[PDB]
file start-v9.tsv (TSV, C-alpha atoms and all ligand atoms)
chain	number	residue	atom	x	y	z
U	1	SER	CA	43.79	47.04	85.86
U	2	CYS	CA	44.25	50.61	84.62
U	3	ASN	CA	42.26	52.68	87.11
U	4	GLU	CA	42.07	54.20	90.59
U	5	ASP	CA	42.49	50.61	91.77
U	6	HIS	CA	46.08	49.85	90.76
U	7	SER	CA	47.48	52.41	93.21
U	8	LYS	CA	45.91	50.76	96.26
U	9	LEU	CA	47.05	47.29	95.27
U	10	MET	CA	50.53	48.78	94.91
U	11	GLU	CA	50.37	50.52	98.24
U	12	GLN	CA	49.07	47.36	99.90
U	13	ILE	CA	51.99	45.34	98.55
U	14	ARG	CA	54.73	47.62	99.88
U	15	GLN	CA	52.91	47.53	103.22
U	16	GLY	CA	53.92	43.89	103.61
U	17	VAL	CA	52.16	40.87	105.09
U	18	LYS	CA	52.48	37.82	107.33
U	19	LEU	CA	52.36	34.31	105.88
U	20	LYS	CA	51.10	31.17	107.64
U	21	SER	CA	54.15	29.27	108.69
U	22	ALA	CA	54.56	25.64	107.83
K	1	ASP	CA	42.70	25.19	103.38
K	2	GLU	CA	39.58	25.05	101.17
K	3	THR	CA	37.97	27.77	99.01
K	4	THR	CA	41.40	29.43	99.29
K	5	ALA	CA	43.65	30.52	96.42
K	6	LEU	CA	46.34	28.39	94.76
K	7	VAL	CA	49.74	29.59	93.61
K	8	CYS	CA	51.61	27.73	90.93
K	9	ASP	CA	55.04	28.77	89.67
K	10	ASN	CA	56.30	26.58	86.81
K	11	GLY	CA	60.06	26.79	86.40
K	12	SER	CA	62.05	25.19	83.61
K	13	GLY	CA	63.44	22.69	86.07
K	14	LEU	CA	61.26	22.98	89.15
K	15	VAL	CA	57.57	23.36	89.86
K	16	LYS	CA	56.67	25.28	93.04
K	17	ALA	CA	53.09	25.05	94.26
K	18	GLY	CA	51.05	25.77	97.36
K	19	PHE	CA	48.37	27.88	98.99
K	20	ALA	CA	48.11	31.65	99.06
K	21	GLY	CA	48.86	32.98	102.52
K	22	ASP	CA	51.53	30.34	103.16
K	23	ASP	CA	55.14	31.39	103.68
K	24	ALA	CA	56.41	28.67	101.35
K	25	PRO	CA	55.58	26.10	98.61
K	26	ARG	CA	54.13	22.90	100.06
K	27	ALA	CA	55.21	21.16	96.87
K	28	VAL	CA	58.45	21.38	94.94
K	29	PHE	CA	58.99	18.72	92.30
K	30	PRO	CA	60.93	18.29	89.04
K	31	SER	CA	59.22	19.80	86.03
K	32	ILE	CA	59.39	16.65	83.93
K	33	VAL	CA	56.96	14.13	82.43
K	34	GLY	CA	57.76	10.57	81.37
K	35	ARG	CA	55.77	8.29	79.10
K	36	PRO	CA	56.32	4.55	78.56
K	37	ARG	CA	59.28	4.22	76.22
K	38	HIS	CA	57.71	1.13	74.61
K	39	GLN	CA	54.43	-0.83	74.50
K	40	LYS	CA	49.89	3.14	83.66
K	41	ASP	CA	50.31	5.69	80.87
K	42	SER	CA	52.26	8.62	82.40
K	43	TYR	CA	54.59	9.59	85.23
K	44	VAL	CA	55.57	13.01	86.57
K	45	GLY	CA	58.22	14.35	88.94
K	46	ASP	CA	60.46	12.30	91.24
K	47	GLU	CA	58.76	9.06	90.28
K	48	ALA	CA	59.35	9.73	86.60
K	49	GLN	CA	63.11	9.86	87.05
K	50	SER	CA	62.98	7.03	89.56
K	51	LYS	CA	61.86	5.00	86.55
K	52	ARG	CA	63.68	7.01	83.87
K	53	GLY	CA	65.04	3.70	82.65
K	54	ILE	CA	61.77	2.57	81.06
K	55	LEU	CA	60.38	5.95	79.97
K	56	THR	CA	61.01	8.80	77.59
K	57	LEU	CA	61.47	11.83	79.82
K	58	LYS	CA	60.52	15.28	78.59
K	59	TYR	CA	60.54	18.88	79.83
K	60	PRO	CA	57.43	20.90	78.99
K	61	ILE	CA	59.22	24.08	80.06
K	62	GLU	CA	62.21	25.09	77.95
K	63	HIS	CA	63.81	28.52	78.54
K	64	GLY	CA	61.05	29.28	80.98
K	65	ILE	CA	58.52	29.01	78.15
K	66	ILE	CA	55.90	26.25	77.84
K	67	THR	CA	56.56	24.23	74.68
K	68	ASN	CA	54.67	20.99	75.22
K	69	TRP	CA	51.05	21.62	76.11
K	70	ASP	CA	50.07	17.96	76.53
K	71	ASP	CA	52.91	17.31	78.95
K	72	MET	CA	52.24	20.60	80.71
K	73	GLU	CA	48.68	19.36	81.34
K	74	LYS	CA	50.02	16.24	83.02
K	75	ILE	CA	52.13	18.46	85.26
K	76	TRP	CA	49.20	20.57	86.35
K	77	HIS	CA	47.13	17.43	86.93
K	78	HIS	CA	49.86	15.97	89.09
K	79	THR	CA	50.10	19.31	90.87
K	80	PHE	CA	46.44	19.49	91.89
K	81	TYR	CA	45.42	15.86	92.27
K	82	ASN	CA	48.69	14.29	93.43
K	83	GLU	CA	50.69	16.97	95.27
K	84	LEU	CA	48.32	19.51	96.78
K	85	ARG	CA	45.47	16.99	96.88
K	86	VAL	CA	42.89	19.57	95.82
K	87	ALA	CA	40.12	20.07	93.27
K	88	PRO	CA	40.88	22.88	90.80
K	89	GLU	CA	37.21	23.84	90.38
K	90	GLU	CA	36.92	25.21	93.89
K	91	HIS	CA	40.15	27.21	94.05
K	92	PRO	CA	41.08	30.43	92.29
K	93	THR	CA	44.51	29.66	90.78
K	94	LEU	CA	47.34	32.13	90.20
K	95	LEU	CA	49.93	31.08	87.63
K	96	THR	CA	53.32	32.45	86.63
K	97	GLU	CA	54.95	33.08	83.28
K	98	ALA	CA	58.30	34.15	81.86
K	99	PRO	CA	59.06	37.68	80.77
K	100	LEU	CA	58.34	38.02	77.06
K	101	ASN	CA	55.87	35.17	77.06
K	102	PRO	CA	54.08	35.22	73.68
K	103	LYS	CA	50.40	36.25	73.89
K	104	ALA	CA	49.24	33.04	72.23
K	105	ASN	CA	50.86	31.11	75.09
K	106	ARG	CA	49.24	33.11	77.85
K	107	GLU	CA	45.88	32.66	76.17
K	108	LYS	CA	46.48	28.97	75.58
K	109	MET	CA	47.19	28.63	79.27
K	110	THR	CA	44.17	30.66	80.36
K	111	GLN	CA	42.13	28.55	77.96
K	112	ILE	CA	43.23	25.24	79.45
K	113	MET	CA	42.81	26.36	83.05
K	114	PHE	CA	39.22	27.20	82.32
K	115	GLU	CA	38.01	24.59	79.84
K	116	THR	CA	40.05	21.62	81.10
K	117	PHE	CA	40.48	22.27	84.83
K	118	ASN	CA	37.40	24.44	85.33
K	119	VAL	CA	38.97	26.64	87.97
K	120	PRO	CA	36.54	29.34	89.18
K	121	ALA	CA	39.04	32.17	88.68
K	122	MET	CA	42.63	32.64	87.52
K	123	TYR	CA	45.44	35.12	87.02
K	124	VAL	CA	48.73	35.09	85.15
K	125	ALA	CA	51.59	37.06	86.64
K	126	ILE	CA	55.16	37.59	85.40
K	127	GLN	CA	57.63	35.68	87.60
K	128	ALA	CA	60.18	38.49	87.98
K	129	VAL	CA	57.50	40.89	89.22
K	130	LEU	CA	56.44	38.51	91.99
K	131	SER	CA	60.05	38.34	93.19
K	132	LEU	CA	60.10	42.12	93.39
K	133	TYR	CA	56.81	42.13	95.28
K	134	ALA	CA	58.19	39.54	97.69
K	135	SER	CA	60.84	42.10	98.69
K	136	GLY	CA	58.21	44.76	99.36
K	137	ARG	CA	58.95	46.92	96.35
K	138	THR	CA	57.02	47.90	93.23
K	139	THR	CA	60.01	49.50	91.46
K	140	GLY	CA	63.42	47.98	90.73
K	141	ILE	CA	65.32	45.59	88.49
K	142	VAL	CA	65.13	41.87	89.07
K	143	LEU	CA	67.73	39.26	88.25
K	144	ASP	CA	65.84	36.02	87.99
K	145	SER	CA	67.97	32.97	87.34
K	146	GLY	CA	66.50	29.50	87.64
K	147	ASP	CA	67.38	26.20	86.07
K	148	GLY	CA	66.82	27.01	82.40
K	149	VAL	CA	67.07	30.75	81.74
K	150	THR	CA	68.17	34.11	83.21
K	151	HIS	CA	66.38	37.45	82.85
K	152	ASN	CA	66.97	41.04	83.79
K	153	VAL	CA	63.57	42.66	84.33
K	154	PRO	CA	63.17	46.42	84.90
K	155	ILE	CA	59.90	47.25	86.67
K	156	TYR	CA	58.25	50.58	87.41
K	157	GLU	CA	55.16	50.83	89.59
K	158	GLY	CA	54.10	47.21	89.23
K	159	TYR	CA	54.56	47.18	85.48
K	160	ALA	CA	57.51	45.55	83.73
K	161	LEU	CA	59.28	47.29	80.85
K	162	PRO	CA	59.38	44.89	77.86
K	163	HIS	CA	61.65	47.04	75.69
K	164	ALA	CA	64.31	46.81	78.40
K	165	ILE	CA	64.21	43.10	79.28
K	166	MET	CA	67.46	41.13	78.83
K	167	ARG	CA	67.27	37.34	78.29
K	168	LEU	CA	70.23	35.02	78.83
K	169	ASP	CA	69.94	31.32	77.95
K	170	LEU	CA	72.40	30.39	80.67
K	171	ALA	CA	71.28	29.05	84.02
K	172	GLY	CA	71.88	26.33	86.60
K	173	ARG	CA	71.23	23.43	84.24
K	174	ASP	CA	74.31	24.42	82.24
K	175	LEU	CA	76.38	25.35	85.29
K	176	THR	CA	75.90	21.85	86.63
K	177	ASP	CA	76.92	20.70	83.18
K	178	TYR	CA	80.06	22.83	83.26
K	179	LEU	CA	80.99	21.54	86.70
K	180	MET	CA	80.37	17.93	85.68
K	181	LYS	CA	82.70	18.55	82.74
K	182	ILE	CA	85.63	20.00	84.68
K	183	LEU	CA	85.33	17.55	87.58
K	184	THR	CA	85.76	14.73	85.07
K	185	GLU	CA	88.65	16.40	83.26
K	186	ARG	CA	90.50	15.70	86.51
K	187	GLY	CA	89.87	11.96	86.67
K	188	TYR	CA	86.41	11.82	88.21
K	189	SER	CA	84.21	9.38	86.30
K	190	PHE	CA	80.81	11.07	86.13
K	191	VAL	CA	77.80	10.04	84.05
K	192	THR	CA	74.05	10.59	84.37
K	193	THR	CA	72.75	7.42	86.03
K	194	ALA	CA	73.07	9.04	89.45
K	195	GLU	CA	76.20	11.19	89.14
K	196	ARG	CA	74.42	14.12	87.50
K	197	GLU	CA	72.56	14.26	90.82
K	198	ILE	CA	75.72	14.44	92.93
K	199	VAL	CA	77.32	17.04	90.67
K	200	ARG	CA	74.31	19.23	91.40
K	201	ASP	CA	74.61	18.76	95.16
K	202	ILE	CA	78.29	19.60	95.05
K	203	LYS	CA	77.27	22.69	93.12
K	204	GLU	CA	74.81	23.97	95.72
K	205	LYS	CA	76.97	22.92	98.67
K	206	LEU	CA	80.47	23.99	97.62
K	207	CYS	CA	80.32	26.53	94.80
K	208	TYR	CA	80.56	30.25	95.45
K	209	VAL	CA	81.43	33.44	93.62
K	210	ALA	CA	84.83	35.11	93.81
K	211	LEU	CA	84.86	38.82	94.53
K	212	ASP	CA	87.95	38.96	92.33
K	213	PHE	CA	88.35	35.99	90.00
K	214	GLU	CA	91.93	36.70	88.93
K	215	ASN	CA	92.78	37.41	92.54
K	216	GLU	CA	90.92	34.33	93.81
K	217	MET	CA	92.72	32.06	91.36
K	218	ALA	CA	96.10	33.14	92.72
K	219	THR	CA	94.96	32.31	96.25
K	220	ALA	CA	93.94	28.75	95.34
K	221	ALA	CA	97.27	28.41	93.52
K	222	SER	CA	99.54	29.41	96.41
K	223	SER	CA	97.70	27.74	99.32
K	224	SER	CA	94.94	25.26	100.24
K	225	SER	CA	92.93	28.01	101.93
K	226	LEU	CA	90.07	27.26	99.51
K	227	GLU	CA	90.14	23.46	99.22
K	228	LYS	CA	87.00	21.72	100.38
K	229	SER	CA	86.04	18.08	100.45
K	230	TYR	CA	83.08	15.92	99.42
K	231	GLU	CA	82.63	12.22	100.19
K	232	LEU	CA	80.63	10.41	97.55
K	233	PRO	CA	78.33	7.69	98.70
K	234	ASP	CA	80.36	5.07	96.99
K	235	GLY	CA	82.91	6.11	99.56
K	236	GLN	CA	85.52	7.78	97.37
K	237	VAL	CA	86.26	11.19	98.85
K	238	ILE	CA	87.15	14.04	96.49
K	239	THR	CA	88.68	17.46	96.99
K	240	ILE	CA	87.75	20.71	95.27
K	241	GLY	CA	89.64	23.99	95.09
K	242	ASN	CA	89.37	26.67	92.41
K	243	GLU	CA	86.51	24.68	90.87
K	244	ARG	CA	84.27	26.00	93.65
K	245	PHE	CA	84.36	29.51	92.19
K	246	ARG	CA	85.19	28.82	88.52
K	247	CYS	CA	81.82	27.20	87.99
K	248	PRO	CA	79.68	30.18	89.04
K	249	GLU	CA	82.07	32.55	87.26
K	250	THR	CA	80.31	31.43	84.08
K	251	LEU	CA	77.51	33.87	84.97
K	252	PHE	CA	79.89	36.79	84.60
K	253	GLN	CA	81.99	35.20	81.88
K	254	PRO	CA	79.80	33.06	79.57
K	255	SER	CA	82.88	32.48	77.40
K	256	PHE	CA	83.59	29.67	79.90
K	257	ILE	CA	81.02	27.44	78.20
K	258	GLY	CA	81.87	29.16	74.92
K	259	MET	CA	78.92	31.51	74.76
K	260	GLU	CA	79.83	34.76	73.04
K	261	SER	CA	77.14	36.44	75.15
K	262	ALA	CA	77.78	38.99	77.92
K	263	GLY	CA	77.67	38.44	81.69
K	264	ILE	CA	74.82	39.13	84.10
K	265	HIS	CA	76.50	42.29	85.36
K	266	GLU	CA	76.66	43.65	81.85
K	267	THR	CA	73.12	42.63	80.94
K	268	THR	CA	71.99	44.16	84.22
K	269	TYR	CA	73.75	47.40	83.34
K	270	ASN	CA	72.56	47.26	79.73
K	271	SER	CA	69.02	46.63	80.91
K	272	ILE	CA	69.05	49.72	83.12
K	273	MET	CA	70.65	51.83	80.37
K	274	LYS	CA	67.68	50.75	78.25
K	275	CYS	CA	65.34	52.60	80.62
K	276	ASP	CA	64.11	56.15	81.18
K	277	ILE	CA	67.01	58.19	82.58
K	278	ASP	CA	64.78	59.45	85.40
K	279	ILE	CA	64.06	56.02	86.88
K	280	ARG	CA	67.62	54.68	86.73
K	281	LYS	CA	68.32	56.06	90.20
K	282	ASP	CA	65.44	53.93	91.58
K	283	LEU	CA	66.60	50.88	89.63
K	284	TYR	CA	70.28	50.99	90.56
K	285	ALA	CA	69.27	51.09	94.22
K	286	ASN	CA	66.86	48.18	93.88
K	287	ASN	CA	68.50	45.11	92.38
K	288	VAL	CA	66.40	42.25	93.64
K	289	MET	CA	67.76	38.78	92.94
K	290	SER	CA	65.60	35.70	92.62
K	291	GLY	CA	65.93	32.10	91.54
K	292	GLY	CA	68.00	29.19	92.75
K	293	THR	CA	71.01	30.10	90.63
K	294	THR	CA	71.37	33.36	92.56
K	295	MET	CA	71.88	31.41	95.81
K	296	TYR	CA	75.66	31.34	95.52
K	297	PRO	CA	77.52	32.89	98.46
K	298	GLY	CA	79.39	36.02	97.37
K	299	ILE	CA	77.20	36.75	94.35
K	300	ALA	CA	75.57	39.76	96.00
K	301	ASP	CA	78.85	41.58	96.61
K	302	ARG	CA	80.39	40.60	93.31
K	303	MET	CA	77.38	42.14	91.64
K	304	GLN	CA	77.63	45.21	93.85
K	305	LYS	CA	81.27	45.62	92.85
K	306	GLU	CA	80.76	44.97	89.12
K	307	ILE	CA	77.87	47.42	88.83
K	308	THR	CA	79.61	50.18	90.77
K	309	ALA	CA	82.29	49.96	88.12
K	310	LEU	CA	79.96	50.11	85.12
K	311	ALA	CA	77.74	52.92	86.40
K	312	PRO	CA	78.22	56.64	87.21
K	313	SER	CA	80.35	57.32	90.29
K	314	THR	CA	77.59	59.35	91.88
K	315	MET	CA	74.82	56.75	91.74
K	316	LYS	CA	74.02	54.76	94.86
K	317	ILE	CA	73.90	51.04	94.04
K	318	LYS	CA	72.14	48.37	96.05
K	319	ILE	CA	71.75	44.60	95.77
K	320	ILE	CA	69.01	42.83	97.69
K	321	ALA	CA	69.58	39.10	98.17
K	322	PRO	CA	66.64	37.69	100.14
K	323	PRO	CA	67.70	34.47	101.92
K	324	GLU	CA	64.41	33.08	100.58
K	325	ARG	CA	65.07	34.10	96.99
K	326	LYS	CA	65.15	30.49	95.89
K	327	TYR	CA	61.37	30.79	96.35
K	328	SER	CA	60.88	34.55	95.91
K	329	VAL	CA	58.69	34.16	92.84
K	330	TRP	CA	56.32	31.73	94.53
K	331	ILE	CA	56.31	33.82	97.71
K	332	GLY	CA	55.68	36.92	95.64
K	333	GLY	CA	52.59	35.14	94.34
K	334	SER	CA	51.54	33.75	97.69
K	335	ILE	CA	51.43	37.36	98.94
K	336	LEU	CA	49.66	38.91	95.98
K	337	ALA	CA	46.85	36.36	95.82
K	338	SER	CA	45.99	36.90	99.48
K	339	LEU	CA	45.72	40.72	99.39
K	340	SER	CA	42.23	42.21	99.35
K	341	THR	CA	42.88	45.03	96.85
K	342	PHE	CA	43.75	42.15	94.52
K	343	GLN	CA	40.49	40.21	94.79
K	344	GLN	CA	38.97	42.33	92.01
K	345	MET	CA	41.87	41.49	89.66
K	346	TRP	CA	40.87	37.84	89.23
K	347	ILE	CA	39.70	36.56	85.84
K	348	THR	CA	36.39	34.83	86.41
K	349	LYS	CA	35.10	31.86	84.41
K	350	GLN	CA	32.13	34.11	83.66
K	351	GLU	CA	34.35	36.82	82.21
K	352	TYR	CA	36.08	34.19	80.08
K	353	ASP	CA	32.81	32.67	78.84
K	354	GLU	CA	31.63	36.06	77.58
K	355	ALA	CA	34.74	37.54	75.96
K	356	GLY	CA	37.09	34.64	75.25
K	357	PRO	CA	40.74	33.68	76.01
K	358	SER	CA	41.72	37.27	75.06
K	359	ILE	CA	40.17	38.58	78.28
K	360	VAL	CA	43.62	38.29	79.85
K	361	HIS	CA	45.62	41.16	78.36
K	362	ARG	CA	45.72	44.65	79.86
K	363	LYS	CA	48.06	47.60	79.31
K	364	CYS	CA	48.66	50.77	81.32
H	1	LIG	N1	72.23	26.70	97.07
H	1	LIG	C1	72.29	26.72	95.72
H	1	LIG	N2	73.42	27.09	95.07
H	1	LIG	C2	73.49	27.11	93.72
H	1	LIG	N3	72.47	26.77	92.93
H	1	LIG	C3	71.28	26.37	93.45
H	1	LIG	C4	71.12	26.33	94.91
H	1	LIG	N4	69.87	25.91	95.15
H	1	LIG	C5	69.26	25.71	93.95
H	1	LIG	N5	70.10	25.99	92.94
H	1	LIG	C6	69.80	25.88	91.49
H	1	LIG	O1	68.62	26.61	91.12
H	1	LIG	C7	67.98	25.92	90.04
H	1	LIG	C8	66.46	25.90	90.24
H	1	LIG	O2	66.05	27.22	90.58
H	1	LIG	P1	64.57	27.74	90.24
H	1	LIG	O3	63.57	26.81	90.89
H	1	LIG	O4	64.53	29.22	90.59
H	1	LIG	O5	64.50	27.58	88.62
H	1	LIG	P2	63.17	27.23	87.76
H	1	LIG	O6	62.09	28.24	88.02
H	1	LIG	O7	62.81	25.77	87.93
H	1	LIG	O8	63.74	27.40	86.25
H	1	LIG	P3	63.74	28.77	85.42
H	1	LIG	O9	63.41	29.84	86.43
H	1	LIG	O10	65.15	28.89	84.88
H	1	LIG	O11	62.70	28.53	84.37
H	1	LIG	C9	68.57	24.52	89.97
H	1	LIG	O12	69.28	24.41	88.73
H	1	LIG	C10	69.53	24.43	91.14
H	1	LIG	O13	70.75	23.79	90.79
H	2	CA	CA	61.33	30.14	87.25

call {"tool": "encode", "arguments": {"input": "start-v9.tsv", "output": "structure tokens", "more": "lines below"}}
Ligand SMILES: Nc1ncnc2c1ncn2[C@@H]1O[C@H](COP(=O)(O)OP(=O)(O)OP(=O)(O)O)[C@@H](O)[C@H]1O
Ligand SMILES: [Ca+2]
result
Amino acid sequence: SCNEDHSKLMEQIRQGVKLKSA
Amino acid sequence: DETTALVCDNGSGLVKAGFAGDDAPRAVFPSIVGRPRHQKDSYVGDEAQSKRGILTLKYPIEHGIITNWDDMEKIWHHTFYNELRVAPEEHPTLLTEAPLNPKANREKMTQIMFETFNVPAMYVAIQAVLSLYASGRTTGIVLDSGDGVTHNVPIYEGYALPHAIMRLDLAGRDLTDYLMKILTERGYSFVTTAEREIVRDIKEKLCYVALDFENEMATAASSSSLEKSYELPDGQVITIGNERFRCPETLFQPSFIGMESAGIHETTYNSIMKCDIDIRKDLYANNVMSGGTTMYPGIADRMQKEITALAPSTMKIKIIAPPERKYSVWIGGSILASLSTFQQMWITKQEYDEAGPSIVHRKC
């Protein structure tokens, strides 16, 4: 992206996430 | 799942596809397309090899790179219409590519997705990166090894480092070959009709990596500690010993299939050495492994040992072998696509209609 938007995406990633289980 | 995002990871050997938000690919099928050998008009996947006998089979993906665009189309069609049972035009679709994918390829792919499939939005992400993401990191060095190729990919803050990428044209497709070879050199008649299939199952069931190859050989020479058995369907049972660990050893010693290339430990070390001296610390302590060819028991610790020996004595090394690394890449994508800070990163059909296929190349 190249702005003050890449850092939040990054931060969000490291945060983690749950994934609907099949 | 409708109006949701699609994730599609196209390996050299395997296609993984599903829905963003899901913990796993709903669809995993062979990356091959077969057309009538002589004269319906096309087959893909399991059904294509089911009828290999009357078709010319082909692999659109060679070395992780797309080489046959027509066949690749048939794969994507089969993915949407026949596997996921969805309509492309109502699902943003994330796709994956190999490190060092030529720009003309990426654009050709973006161009098809829009003009031919008419997906509302799309994104192309580098496979190795997704693996890294899947582990919850944005900095580290990935070892991705699938069916066709192996890469070392150094990544710093979400961006890969192209100058430092190491490619190795040695993966599972040739390891299965190697094993098929040896097995036979001991009186086991193996061909391709259906054998090739068994040889692969033996590979994933019985092969493992020795922590010390020289040392492990001596063990399998002085006892039957390491023998294991496999009953073919025919009935004929067969026993394996040192073959269980000699096959994967090819990853550390390519000179086993006569490749004068260097092993994955070396290329991993060389890849890091190719990077900024200030980020090596971060990299050494973040080896993330992905791909189905990294699934061998013992590979994590062998790597840990090998790298500790190549690197400075003071550096802390660390290998991360997710039990789900067979599907890391796809999972990595599944995660990304679902995140909200990502929803602005999509390439829209609108954006494409204004600029052109080139609207899919950013730096930084
Ligand atoms: N348990 C296992 N042990 C050893 N090898 C395995 C195991 N499971 C899968 N593999 C191998 O992993 C390979 C497929 O992995 P993967 O789907 O990551 O590759 P791909 O993406 O299709 O190809 P590439 O990434 O090389 O383009 C197959 O060759 C298979 O033999
Ligand atoms: Ca792959």

call {"tool": "interface_residues", "arguments": {"input": "start-v9.tsv", "of": "chain U", "to": "chain K", "cutoff": "6 Å", "atoms": "only C-alpha atoms", "output": "ChimeraX atom specification"}}
result
/U:2,9,14,19-21

call {"tool": "residues_around", "arguments": {"input": "start-v9.tsv", "residues": "residue K:145", "least_positions_apart": "6", "cutoff": "9 Å", "atoms": "only C-alpha atoms", "output": "PyMOL selection string"}}
result
chain K and resi 151-152+170-172+289-294

call {"tool": "residues_near_point", "arguments": {"input": "start-v9.tsv", "point": "(66.6, 51.4, 91.7)", "cutoff": "9 Å", "atoms": "all atoms listed in the file", "output": "PDB file with C-alpha atoms, in the frame of the given file"}}
result
ATOM      1  CA  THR K 139      60.010  49.500  91.460  1.00  0.00           C
ATOM      2  CA  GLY K 140      63.420  47.980  90.730  1.00  0.00           C
ATOM      3  CA  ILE K 141      65.320  45.590  88.490  1.00  0.00           C
ATOM      4  CA  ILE K 279      64.060  56.020  86.880  1.00  0.00           C
ATOM      5  CA  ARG K 280      67.620  54.680  86.730  1.00  0.00           C
ATOM      6  CA  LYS K 281      68.320  56.060  90.200  1.00  0.00           C
ATOM      7  CA  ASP K 282      65.440  53.930  91.580  1.00  0.00           C
ATOM      8  CA  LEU K 283      66.600  50.880  89.630  1.00  0.00           C
ATOM      9  CA  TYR K 284      70.280  50.990  90.560  1.00  0.00           C
ATOM     10  CA  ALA K 285      69.270  51.090  94.220  1.00  0.00           C
ATOM     11  CA  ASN K 286      66.860  48.180  93.880  1.00  0.00           C
ATOM     12  CA  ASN K 287      68.500  45.110  92.380  1.00  0.00           C
ATOM     13  CA  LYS K 316      74.020  54.760  94.860  1.00  0.00           C
ATOM     14  CA  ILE K 317      73.900  51.040  94.040  1.00  0.00           C
ATOM     15  CA  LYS K 318      72.140  48.370  96.050  1.00  0.00           C
TER      16      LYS K 318
END

call {"tool": "atom_distance", "arguments": {"input": "start-v9.tsv", "atom1": "atom CA of residue K:110", "atom2": "atom CA of residue U:17"}}
result
27.9 Å

call {"tool": "atom_distance", "arguments": {"input": "start-v9.tsv", "atom1": "atom CA of residue K:179", "atom2": "atom CA of residue K:217"}}
result
16.4 Å

call {"tool": "closest_residue", "arguments": {"input": "start-v9.tsv", "among": "K:92, K:323, K:333, K:162", "to": "residue K:347", "atoms": "only C-alpha atoms"}}
result
K:92

call {"tool": "decode", "arguments": {"input": "start-v9.tsv", "residues": "stretch 213-254 of chain K", "atoms": "C-alpha atoms", "output": "PDB file, in the first residue's frame"}}
result
ATOM      1  CA  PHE K 213      22.844 -39.098   8.627  1.00  0.00           C
ATOM      2  CA  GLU K 214      26.223 -40.803   9.023  1.00  0.00           C
ATOM      3  CA  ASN K 215      25.241 -41.752  12.546  1.00  0.00           C
ATOM      4  CA  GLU K 216      21.753 -42.909  11.494  1.00  0.00           C
ATOM      5  CA  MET K 217      23.167 -45.124   8.748  1.00  0.00           C
ATOM      6  CA  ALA K 218      25.299 -47.011  11.270  1.00  0.00           C
ATOM      7  CA  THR K 219      22.227 -47.645  13.417  1.00  0.00           C
ATOM      8  CA  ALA K 220      20.238 -49.184  10.547  1.00  0.00           C
ATOM      9  CA  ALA K 221      23.317 -51.260   9.722  1.00  0.00           C
ATOM     10  CA  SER K 222      23.833 -52.811  13.156  1.00  0.00           C
ATOM     11  CA  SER K 223      20.198 -53.397  14.183  1.00  0.00           C
ATOM     12  CA  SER K 224      16.583 -53.435  12.943  1.00  0.00           C
ATOM     13  CA  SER K 225      15.674 -50.565  15.259  1.00  0.00           C
ATOM     14  CA  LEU K 226      14.632 -48.553  12.195  1.00  0.00           C
ATOM     15  CA  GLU K 227      12.942 -51.149   9.970  1.00  0.00           C
ATOM     16  CA  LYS K 228       9.312 -50.476   9.214  1.00  0.00           C
ATOM     17  CA  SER K 229       6.800 -52.351   7.113  1.00  0.00           C
ATOM     18  CA  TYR K 230       4.248 -51.568   4.406  1.00  0.00           C
ATOM     19  CA  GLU K 231       1.688 -53.988   2.965  1.00  0.00           C
ATOM     20  CA  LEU K 232       0.826 -53.245  -0.632  1.00  0.00           C
ATOM     21  CA  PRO K 233      -2.712 -53.822  -1.701  1.00  0.00           C
ATOM     22  CA  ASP K 234      -1.717 -56.611  -3.967  1.00  0.00           C
ATOM     23  CA  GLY K 235      -0.826 -58.248  -0.693  1.00  0.00           C
ATOM     24  CA  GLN K 236       2.967 -58.363  -0.939  1.00  0.00           C
ATOM     25  CA  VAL K 237       4.382 -56.868   2.244  1.00  0.00           C
ATOM     26  CA  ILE K 238       7.656 -54.952   2.044  1.00  0.00           C
ATOM     27  CA  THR K 239      10.146 -53.753   4.630  1.00  0.00           C
ATOM     28  CA  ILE K 240      12.039 -50.476   4.712  1.00  0.00           C
ATOM     29  CA  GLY K 241      15.061 -49.460   6.765  1.00  0.00           C
ATOM     30  CA  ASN K 242      17.635 -46.793   5.930  1.00  0.00           C
ATOM     31  CA  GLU K 243      15.496 -45.843   2.923  1.00  0.00           C
ATOM     32  CA  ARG K 244      13.145 -44.064   5.321  1.00  0.00           C
ATOM     33  CA  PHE K 245      15.730 -41.358   6.001  1.00  0.00           C
ATOM     34  CA  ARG K 246      17.900 -41.524   2.869  1.00  0.00           C
ATOM     35  CA  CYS K 247      15.072 -40.215   0.739  1.00  0.00           C
ATOM     36  CA  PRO K 248      14.526 -36.945   2.635  1.00  0.00           C
ATOM     37  CA  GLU K 249      18.289 -36.518   3.032  1.00  0.00           C
ATOM     38  CA  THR K 250      18.221 -35.338  -0.585  1.00  0.00           C
ATOM     39  CA  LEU K 251      17.037 -31.947   0.724  1.00  0.00           C
ATOM     40  CA  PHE K 252      20.315 -31.473   2.564  1.00  0.00           C
ATOM     41  CA  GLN K 253      22.418 -33.365   0.032  1.00  0.00           C
ATOM     42  CA  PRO K 254      21.080 -32.788  -3.513  1.00  0.00           C
TER      43      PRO K 254
END
